[PDB]
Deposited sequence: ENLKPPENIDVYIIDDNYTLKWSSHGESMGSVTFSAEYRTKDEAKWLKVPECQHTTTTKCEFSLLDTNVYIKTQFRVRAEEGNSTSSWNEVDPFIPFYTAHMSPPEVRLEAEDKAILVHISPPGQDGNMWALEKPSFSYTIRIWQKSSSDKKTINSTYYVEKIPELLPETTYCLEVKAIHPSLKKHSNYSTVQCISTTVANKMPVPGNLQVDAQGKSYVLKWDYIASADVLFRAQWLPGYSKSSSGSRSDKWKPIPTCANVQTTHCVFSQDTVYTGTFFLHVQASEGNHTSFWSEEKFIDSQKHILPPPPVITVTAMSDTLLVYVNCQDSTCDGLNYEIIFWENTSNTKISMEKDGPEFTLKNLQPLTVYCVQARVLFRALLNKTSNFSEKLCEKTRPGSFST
């Protein structure tokens, strides 16, 4: 006889055994089967999903498989989600991938009714979940006041500058909050320096926004969550670029400034001394070969490792 396991449900509350050790069952056919680890035979139930709509957006509140249980109580960070959205009558489904327990689907049409489907995936332990029961929601009519557009955060170390385009309130959320399981989230922390500003220039210090990574918010709905990592990374220094203009091909060599240079990824940024457009390509090794360039013309190359402008004129054609 076989045993079916769907999360913490078994088939033939506060206190439970270890899901990673050797476990057995006895029912009285005189049941006594092969001893097994439940974590390999357990299936993933679809994730719980609740929809919330705005003018041009839909908020998909994903709850991971288990409320909360034990089978997935230590797998929650591993899980990823795939969302499918379409209007009620349509057949073409838009696909959005998310690690976030709340994924706001933007660029939507107001007073239109869209239907959703969320899949829970375990990208490392092979397993996956059957899509959730379809859920439909309708968008509201466009607000008399629109939400802020493009956001950019330029920081001078201990102080942050929030520059954007349009009374304005701002809220901050630590990086791990949007990414880790809800039930206790997402309670957005406030900003006193930017709570009712008159200008688009917003300045806040590291004392208030204490986490290394955080999201920013900008009666109107909420703006796009701008994620910004505050790291004192003044590493590594620029590499040493070498250019060899050959008959036709223009060979470029990137040299890292800390050798051995065995395992490294490189990037190139090339243009012309007359154009204002920059062309960029990345390779595996450092030997970049700029092929099919116009002859007798000056080309400016720049490189980075994962440099300063070095201009070289091509060859005529021997």
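Gaps between the deposited sequence and the modelled structure occur at positions 1-8, 21-62, 79-86, 225-230, 283-289, 378-388, 401-403.
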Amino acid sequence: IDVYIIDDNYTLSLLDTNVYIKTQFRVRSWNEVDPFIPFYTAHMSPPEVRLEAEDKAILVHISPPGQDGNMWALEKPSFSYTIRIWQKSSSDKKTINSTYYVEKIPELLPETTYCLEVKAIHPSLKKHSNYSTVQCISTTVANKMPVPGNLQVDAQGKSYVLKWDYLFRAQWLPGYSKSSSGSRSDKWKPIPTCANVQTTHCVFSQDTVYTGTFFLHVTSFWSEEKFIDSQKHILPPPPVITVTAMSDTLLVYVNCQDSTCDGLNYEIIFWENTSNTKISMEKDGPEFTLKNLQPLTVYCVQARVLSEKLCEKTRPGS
From here on, numbers count along this sequence of modelled residues.
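Of the two segments examined, 113-121 and 232-240, it is 232-240 that shows the higher average Cα temperature factor in the deposited entry. Between the stretches 157-165 and 122-130, it is 157-165 that shows the larger average CA temperature factor. Residues shown: 246, 102, 209, 96. Highest C-alpha temperature factor in the entry: 246. The entry lists C-alpha B-factors for 37, 49, 58, 44, and the highest of these is at 37. When all modelled residues of the chain are sorted by CA temperature factor, residue 63 is found within the lowest third. The PDB entry assigns residue 201 a C-alpha temperature factor belonging to the highest third of its chain's modelled residues.
When the modelled residues of the chain are ordered by C-alpha B-factor, residue 149 sits in the highest third.
Ranked by C-alpha B-factor against the other modelled residues of its chain, residue 33 falls in the highest third.
In the deposited entry, the Cα temperature factor of residue 177 places it in the lowest third of its chain's modelled residues.
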